[PDB]
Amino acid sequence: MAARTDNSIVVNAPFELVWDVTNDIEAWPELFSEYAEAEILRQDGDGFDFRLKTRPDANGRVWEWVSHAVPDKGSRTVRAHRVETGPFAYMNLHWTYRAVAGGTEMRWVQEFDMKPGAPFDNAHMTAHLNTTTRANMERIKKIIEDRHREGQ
C-alpha cells in the first residue's frame, strides 16, 4: 500500500571519498541533473535542514522544498525526509555505504506515498524515481571515479 525504491551501485573508490562527495549538499546542483540550487539553511546538532530548487522538469515546471537530514558517518548511513512534502504525503530517504572488493557500494532507498489528488499515483511515481535515481547514481559514479583518478 506504500511505495518504495531500492537502488544500488558500486563506485570504484574508497569510502571516505564517496562519503564526502555525496554528502556535500552545496555540490548537488553539480552532482544531480535535477537540482539548480541547494543550500543548508540551519544546523540542529545532529542534522540540518536544507532547501532544494529544481531545474525545469520534463514539463518545464520548477519545484522547491525544504528537507531535513541526519548523516551518520560513524555508521556509514544517512537519513533524510521532506519537511514540505509537496505532492507527497511523506518522503523518506535512506542511504548506506558498504565496502566491497574494489570500491564502495551505495544503496539508496526512498519510501513515500502520494497525496490523494497528486499528478502522480504511487506506481507511476515509483517508476519515475527509479529511472532518475539510476541515471544520477551512474553519473555520480563517474564523477567520483574521475576525482579519485585525479588524486592518484
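One rule holds for the numbers: they count along the sequence shown, beginning at 1.
J.: Read off the CA B-factors in the entry, average them over 107-115 and over 41-49, and name the higher stretch.
T.: Mean C-alpha B-factor is greater for 41-49.
J.: On mean C-alpha B-factor from the PDB entry, just flag whether 17-25 or 132-140 is the higher one.
T.: Comparing 17-25 with 132-140, the higher average CA B-factor belongs to 132-140.
J.: Among the candidates 62, 36, 31, 69, give the one with the maximum CA B-factor reported in the record.
T.: Of the options given, 62 has the highest CA B-factor in the PDB entry.
J.: Lowest, middle or highest third of the chain for the C-alpha temperature factor of residue 54?
T.: Middle third by C-alpha B-factor.
J.: For residue 85, does the deposited CA B-factor place it in the lowest, middle or highest third of the chain?
T.: Its C-alpha B-factor belongs to the highest third of this chain's values.
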